[PDB]
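What follows is the content of structure22.cif, which has mmCIF, N, CA and C atoms:
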```
data_protein
loop_
_atom_site.label_atom_id
_atom_site.label_comp_id
_atom_site.auth_asym_id
_atom_site.auth_seq_id
_atom_site.Cartn_x
_atom_site.Cartn_y
_atom_site.Cartn_z
N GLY A 1 11.27 -9.70 10.86
CA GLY A 1 10.95 -8.44 10.11
C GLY A 1 9.47 -8.10 10.21
N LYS A 2 9.17 -6.85 10.59
CA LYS A 2 7.81 -6.37 10.70
C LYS A 2 7.06 -6.11 9.33
N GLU A 3 7.75 -5.88 8.27
CA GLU A 3 7.26 -5.65 6.99
C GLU A 3 6.28 -4.51 6.93
N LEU A 4 6.74 -3.33 7.32
CA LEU A 4 5.89 -2.15 7.31
C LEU A 4 6.31 -1.21 6.19
N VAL A 5 5.32 -0.48 5.67
CA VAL A 5 5.58 0.56 4.67
C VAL A 5 4.87 1.82 5.10
N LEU A 6 5.41 2.95 4.70
CA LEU A 6 4.85 4.25 4.99
C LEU A 6 4.21 4.79 3.74
N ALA A 7 2.98 5.29 3.85
CA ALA A 7 2.30 6.00 2.74
C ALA A 7 2.93 7.36 2.55
N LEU A 8 3.42 7.63 1.35
CA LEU A 8 4.04 8.90 0.98
C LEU A 8 3.03 9.90 0.46
N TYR A 9 1.93 9.41 -0.07
CA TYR A 9 0.87 10.20 -0.67
C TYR A 9 -0.46 9.55 -0.36
N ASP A 10 -1.53 10.34 -0.38
CA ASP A 10 -2.87 9.78 -0.36
C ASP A 10 -3.10 8.91 -1.58
N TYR A 11 -3.86 7.86 -1.50
CA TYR A 11 -4.27 7.09 -2.67
C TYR A 11 -5.71 6.70 -2.48
N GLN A 12 -6.53 6.92 -3.51
CA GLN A 12 -7.94 6.53 -3.51
C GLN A 12 -8.13 5.26 -4.34
N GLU A 13 -8.76 4.25 -3.74
CA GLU A 13 -9.03 3.03 -4.45
C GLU A 13 -9.91 3.31 -5.69
N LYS A 14 -9.57 2.64 -6.79
CA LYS A 14 -10.35 2.81 -8.01
C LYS A 14 -10.98 1.56 -8.49
N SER A 15 -10.82 0.48 -7.72
CA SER A 15 -11.22 -0.87 -8.08
C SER A 15 -11.36 -1.61 -6.74
N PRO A 16 -12.19 -2.66 -6.68
CA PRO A 16 -12.38 -3.32 -5.38
C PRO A 16 -11.18 -4.13 -4.91
N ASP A 17 -10.17 -4.35 -5.77
CA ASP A 17 -8.97 -5.00 -5.29
C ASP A 17 -7.91 -4.02 -4.84
N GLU A 18 -8.23 -2.74 -4.76
CA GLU A 18 -7.32 -1.70 -4.24
C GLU A 18 -7.76 -1.26 -2.87
N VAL A 19 -6.91 -0.54 -2.17
CA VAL A 19 -7.24 0.03 -0.90
C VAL A 19 -6.96 1.51 -0.92
N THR A 20 -7.65 2.24 -0.09
CA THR A 20 -7.45 3.65 0.15
C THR A 20 -6.53 3.89 1.29
N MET A 21 -5.59 4.82 1.15
CA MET A 21 -4.71 5.16 2.26
C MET A 21 -4.51 6.67 2.29
N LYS A 22 -4.06 7.15 3.43
CA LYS A 22 -3.71 8.54 3.64
C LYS A 22 -2.22 8.65 3.88
N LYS A 23 -1.64 9.76 3.42
CA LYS A 23 -0.26 10.06 3.67
C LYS A 23 0.00 9.90 5.18
N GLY A 24 1.08 9.21 5.54
CA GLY A 24 1.46 9.00 6.92
C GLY A 24 0.95 7.71 7.51
N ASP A 25 0.03 7.03 6.84
CA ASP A 25 -0.41 5.73 7.28
C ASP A 25 0.74 4.74 7.24
N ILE A 26 0.72 3.80 8.19
CA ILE A 26 1.71 2.73 8.27
C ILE A 26 0.98 1.44 7.93
N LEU A 27 1.35 0.84 6.81
CA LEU A 27 0.67 -0.32 6.27
C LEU A 27 1.54 -1.55 6.43
N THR A 28 0.90 -2.71 6.47
CA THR A 28 1.64 -3.97 6.48
C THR A 28 1.79 -4.46 5.04
N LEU A 29 3.00 -4.79 4.65
CA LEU A 29 3.30 -5.26 3.29
C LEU A 29 3.01 -6.74 3.20
N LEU A 30 2.20 -7.14 2.23
CA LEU A 30 1.89 -8.54 1.97
C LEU A 30 2.62 -9.12 0.78
N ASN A 31 2.74 -8.38 -0.31
CA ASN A 31 3.35 -8.93 -1.52
C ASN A 31 3.93 -7.78 -2.33
N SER A 32 5.25 -7.80 -2.49
CA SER A 32 5.99 -6.78 -3.22
C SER A 32 6.67 -7.35 -4.45
N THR A 33 6.14 -8.45 -5.00
CA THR A 33 6.80 -9.07 -6.13
C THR A 33 6.63 -8.29 -7.42
N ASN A 34 5.58 -7.51 -7.57
CA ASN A 34 5.38 -6.70 -8.76
C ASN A 34 6.05 -5.35 -8.58
N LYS A 35 6.65 -4.81 -9.64
CA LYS A 35 7.35 -3.54 -9.48
C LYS A 35 6.42 -2.35 -9.37
N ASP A 36 5.19 -2.46 -9.85
CA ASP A 36 4.28 -1.31 -9.90
C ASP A 36 3.18 -1.32 -8.87
N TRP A 37 2.71 -2.48 -8.44
CA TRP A 37 1.57 -2.59 -7.55
C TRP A 37 1.92 -3.51 -6.41
N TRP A 38 1.81 -3.05 -5.18
CA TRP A 38 2.11 -3.84 -3.99
C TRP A 38 0.83 -4.14 -3.26
N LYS A 39 0.71 -5.36 -2.72
CA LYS A 39 -0.43 -5.71 -1.89
C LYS A 39 -0.11 -5.40 -0.44
N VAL A 40 -1.02 -4.68 0.21
CA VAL A 40 -0.82 -4.18 1.56
C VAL A 40 -2.07 -4.43 2.36
N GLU A 41 -1.92 -4.30 3.68
CA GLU A 41 -3.03 -4.38 4.61
C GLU A 41 -3.08 -3.11 5.41
N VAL A 42 -4.28 -2.56 5.40
CA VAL A 42 -4.58 -1.37 6.19
C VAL A 42 -5.84 -1.68 6.92
N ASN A 43 -5.60 -1.92 8.22
CA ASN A 43 -6.51 -2.50 9.18
C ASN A 43 -7.11 -3.79 8.72
N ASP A 44 -8.39 -3.72 8.38
CA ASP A 44 -9.06 -4.95 8.04
C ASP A 44 -9.33 -5.04 6.56
N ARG A 45 -8.58 -4.29 5.74
CA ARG A 45 -8.73 -4.38 4.31
C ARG A 45 -7.37 -4.67 3.70
N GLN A 46 -7.38 -5.50 2.68
CA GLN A 46 -6.15 -5.81 1.97
C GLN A 46 -6.38 -5.52 0.50
N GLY A 47 -5.35 -5.06 -0.19
CA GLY A 47 -5.49 -4.78 -1.59
C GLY A 47 -4.25 -4.08 -2.10
N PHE A 48 -4.32 -3.71 -3.37
CA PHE A 48 -3.19 -3.12 -4.05
C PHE A 48 -3.15 -1.61 -3.89
N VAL A 49 -1.93 -1.09 -3.85
CA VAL A 49 -1.64 0.34 -3.97
C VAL A 49 -0.41 0.46 -4.88
N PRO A 50 -0.18 1.63 -5.45
CA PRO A 50 1.01 1.78 -6.28
C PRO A 50 2.27 1.71 -5.42
N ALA A 51 3.26 0.96 -5.88
CA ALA A 51 4.52 0.85 -5.18
C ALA A 51 5.20 2.19 -5.01
N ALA A 52 5.05 3.07 -5.99
CA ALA A 52 5.69 4.37 -5.92
C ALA A 52 5.11 5.27 -4.83
N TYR A 53 3.95 4.94 -4.27
CA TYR A 53 3.31 5.75 -3.25
C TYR A 53 3.69 5.33 -1.84
N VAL A 54 4.52 4.31 -1.67
CA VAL A 54 4.89 3.85 -0.34
C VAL A 54 6.39 3.70 -0.26
N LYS A 55 6.92 3.65 0.96
CA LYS A 55 8.33 3.41 1.20
C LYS A 55 8.45 2.34 2.25
N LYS A 56 9.28 1.35 2.00
CA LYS A 56 9.56 0.33 3.03
C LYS A 56 10.29 0.95 4.22
N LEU A 57 9.83 0.59 5.41
CA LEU A 57 10.46 1.04 6.66
C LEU A 57 11.35 -0.13 7.02
N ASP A 58 12.54 -0.09 6.49
CA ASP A 58 13.56 -1.10 6.80
C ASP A 58 13.29 -2.35 5.95
#
```
Take the structure from the file and write it as structure tokens.
Amino acid sequence: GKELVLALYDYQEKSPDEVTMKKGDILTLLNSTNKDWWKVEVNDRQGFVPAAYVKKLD
């Protein structure tokens, strides 16, 4: 499994443990154990984004 997610909306980081993404970005999923905040990797940065702002691609 590739563990990819698609950004549904832009998100601006508000804390240093978050990441910024743009709608249409394809992120790597690291940890989806929390229902509200998922840890993702977008290039060379890792951090949290809201789960509701992304969709798992398979």
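A straight line drawn from atom CA of residue 4 of chain A to atom C of residue 35 of chain A is 16.7 Å long.
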### Task
Name the residues within 12 Å of (2.7, -2.4, -10.1), counting only C-alpha atoms in the file's coordinates, and put them as a list in words.
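Nearby residues: residues 18, 31, 32, 33, 34, 35, 36, 37, 38, 39, 48, 49, 50, 51, 52, 53 and 54 of chain A.
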### Task
Write out as a PyMOL selection string the residues lying within 8 Å of residue 6 of chain A, counting only C-alpha atoms and excluding same-chain residues fewer than 5 positions away.
chain A and resi 23-27+54-57
### Residue IDs satisfying the PyMOL selection byres (((chain A and resi 46 and name CA) around 10) and name CA), as a list in words
residues 16, 17, 18, 19, 20, 27, 28, 29, 30, 39, 40, 41, 42, 43, 44, 45, 47, 48 and 49 of chain A
Using N, CA and C atoms, can you write the selected residues to a file as a compact mmCIF listing (two decimals), in the frame of the given file?
```txt
# COMPACT_ATOMS: atom_id res chain seq x y z
N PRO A 16 -12.19 -2.66 -6.68
CA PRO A 16 -12.38 -3.32 -5.38
C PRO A 16 -11.18 -4.13 -4.91
N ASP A 17 -10.17 -4.35 -5.77
CA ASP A 17 -8.97 -5.00 -5.29
C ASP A 17 -7.91 -4.02 -4.84
N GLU A 18 -8.23 -2.74 -4.76
CA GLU A 18 -7.32 -1.70 -4.24
C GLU A 18 -7.76 -1.26 -2.87
N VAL A 19 -6.91 -0.54 -2.17
CA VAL A 19 -7.24 0.03 -0.90
C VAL A 19 -6.96 1.51 -0.92
N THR A 20 -7.65 2.24 -0.09
CA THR A 20 -7.45 3.65 0.15
C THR A 20 -6.53 3.89 1.29
N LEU A 27 1.35 0.84 6.81
CA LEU A 27 0.67 -0.32 6.27
C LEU A 27 1.54 -1.55 6.43
N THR A 28 0.90 -2.71 6.47
CA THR A 28 1.64 -3.97 6.48
C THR A 28 1.79 -4.46 5.04
N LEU A 29 3.00 -4.79 4.65
CA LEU A 29 3.30 -5.26 3.29
C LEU A 29 3.01 -6.74 3.20
N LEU A 30 2.20 -7.14 2.23
CA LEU A 30 1.89 -8.54 1.97
C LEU A 30 2.62 -9.12 0.78
N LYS A 39 0.71 -5.36 -2.72
CA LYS A 39 -0.43 -5.71 -1.89
C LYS A 39 -0.11 -5.40 -0.44
N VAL A 40 -1.02 -4.68 0.21
CA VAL A 40 -0.82 -4.18 1.56
C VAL A 40 -2.07 -4.43 2.36
N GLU A 41 -1.92 -4.30 3.68
CA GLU A 41 -3.03 -4.38 4.61
C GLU A 41 -3.08 -3.11 5.41
N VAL A 42 -4.28 -2.56 5.40
CA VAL A 42 -4.58 -1.37 6.19
C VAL A 42 -5.84 -1.68 6.92
N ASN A 43 -5.60 -1.92 8.22
CA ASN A 43 -6.51 -2.50 9.18
C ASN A 43 -7.11 -3.79 8.72
N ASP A 44 -8.39 -3.72 8.38
CA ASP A 44 -9.06 -4.95 8.04
C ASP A 44 -9.33 -5.04 6.56
N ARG A 45 -8.58 -4.29 5.74
CA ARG A 45 -8.73 -4.38 4.31
C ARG A 45 -7.37 -4.67 3.70
N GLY A 47 -5.35 -5.06 -0.19
CA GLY A 47 -5.49 -4.78 -1.59
C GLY A 47 -4.25 -4.08 -2.10
N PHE A 48 -4.32 -3.71 -3.37
CA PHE A 48 -3.19 -3.12 -4.05
C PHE A 48 -3.15 -1.61 -3.89
N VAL A 49 -1.93 -1.09 -3.85
CA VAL A 49 -1.64 0.34 -3.97
C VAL A 49 -0.41 0.46 -4.88
```
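Backbone DSSP assigns strand (DSSP E or B) in segment 17-54 of chain A to residues 18, 21, 26, 27, 28, 29, 30, 31, 37, 38, 39, 40, 41, 42, 45, 46, 47, 48, 49, 50 and 54 of chain A.
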### Query
How far is it from atom CA of residue 21 of chain A to atom N of residue 58 of chain A, in Å with one decimal?
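For atom CA of residue 21 of chain A relative to atom N of residue 58 of chain A, the distance reads 18.5 Å.
Across the structure, atom CA of residue 8 of chain A and atom N of residue 22 of chain A are spaced 8.6 Å apart.
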